[PDB]
Enquirer: 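What follows is a single structure, and I will ask about it in a moment.
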Amino acid sequence: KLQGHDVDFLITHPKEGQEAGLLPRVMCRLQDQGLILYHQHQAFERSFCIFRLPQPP
DNA sequence: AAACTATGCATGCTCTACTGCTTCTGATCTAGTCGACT
Ligand SMILES: Nc1ncnc2c1ncn2[C@H]1C[C@H](O)[C@@H](COP(=O)(O)NP(=O)(O)OP(=O)(O)O)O1
Ligand SMILES: [Mg+2]
């Protein structure tokens, strides 16, 4: 598809047994960066958000 | 020699405080239902 309504990703680690708490850390880091308008919760393995994309113009 | 007053005792009622036991209430928590999303 060339058009959509959302962008969906899947995060994994080829090595077994390391992504115990990956998502909270990445989400909080992005929030510190200042891009998440909405976090589903503001250990979980799923979340939907509303990113803040800066357009080139 | 008699009357007044200092001293004390015995008892009931009341404020005040303190310690301990029991019960009630505010606060900390899992099941059911509807709804959101993917
Ligand atoms: N009700 C459901 N039942 C089963 N699987 C589902 C599902 N809803 C989603 N999935 C699975 C399959 C879906 O591909 C994926 C999430 O896809 P989306 O972001 O909800 N819709 P997409 O991005 O594909 O299209 P568009 O750009 O037009 O909005 O999760
Ligand atoms: Mg999507």
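Letters A, B, ... are given to chains in the order of the sequence lines, protein chains preceding strands, and every chain is numbered from 1. The figures that follow rest on heavy atoms only: side chains count, while hydrogens, waters and symmetry mates do not.
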Enquirer: I need the NE2-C1' distance between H5(A) and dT38(B), as an integer number of Å.
Expert: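 One finds 13 Å between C1' of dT38(B) and NE2 of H5(A), rounded.
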Enquirer: What integer distance in Å separates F9(A):CZ from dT38(B):P?
Expert: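 It works out to 16 Å between those atoms.
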Enquirer: Let me know the distance between OH of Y38(A) and P of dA36(B), rounded to the nearest Å.
Expert: 13 Å
Enquirer: Between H41(A) (NE2) and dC37(B) (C1'), how many Å, whole number?
Expert: 11 Å
Enquirer: Listed by chain and number, what are the side-chain contact (heavy atoms from CB on, under 4.5 Å) partners of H41(A), not counting sequence neighbours?
Expert: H39(A), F44(A), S47(A)
Enquirer: Starting at CZ of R46(A) and ending at P of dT38(B), how long is that distance when rounded to a whole Å?
Expert: 12 Å
Enquirer: Going by side-chain contact (heavy atoms from CB on, under 4.5 Å), name the residues that satisfy it together with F51(A), two or more places apart in sequence or in a different chain.
Expert: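 side-chain contact (heavy atoms from CB on, under 4.5 Å) check on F51(A) returns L30(A), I36(A), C49(A).
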Enquirer: If I compare all heavy atoms of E45(A) with all of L23(A), which pair ends up nearest, and what's the gap?
Expert: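 Shortest heavy-atom separation between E45(A) and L23(A) comes out as C-CD2, 4.0 Å.
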Enquirer: With sequence neighbours excluded, give me every side chain to side chain donor-acceptor pair (under 3.5 Å) pair touching residues 4-32 of chain A.
Expert: none
Enquirer: Starting at the 5' end of DNA chain B, what dot-bracket string do you get if Watson-Crick and G-U pairs under 3.5 Å are bracketed, crossing pairs use [ ], other-strand pairs use | and unpaired bases use dots?
Expert: ......................................
Enquirer: Can you list the other members of the hydrophobic cluster that holds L53(A), where links are side-chain heavy atoms under 4.5 angstrom apart?
Expert: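 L53(A) clusters with nothing; isolated.
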Enquirer: Going strictly by the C1'-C2'-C3'-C4' torsion (positive north, negative south), how would you label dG35(B)?
Expert: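 Positive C1'-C2'-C3'-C4' torsion, north pucker.
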Enquirer: Round to a whole Å and report the spacing from CD1 of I50(A) to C1' of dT38(B).
Expert: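 Result: 15 Å.
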Enquirer: Supply the members, apart from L10(A), of the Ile/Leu/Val/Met/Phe/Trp/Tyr cluster built from side-chain contacts under 4.5 Å; use none for a lone residue.
Expert: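 Members alongside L10(A): none; it stands by itself.
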Enquirer: NE2 of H39(A) versus P of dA36(B): gap in Å, rounded?
Expert: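 From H39(A) NE2 to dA36(B) P: 21 Å.
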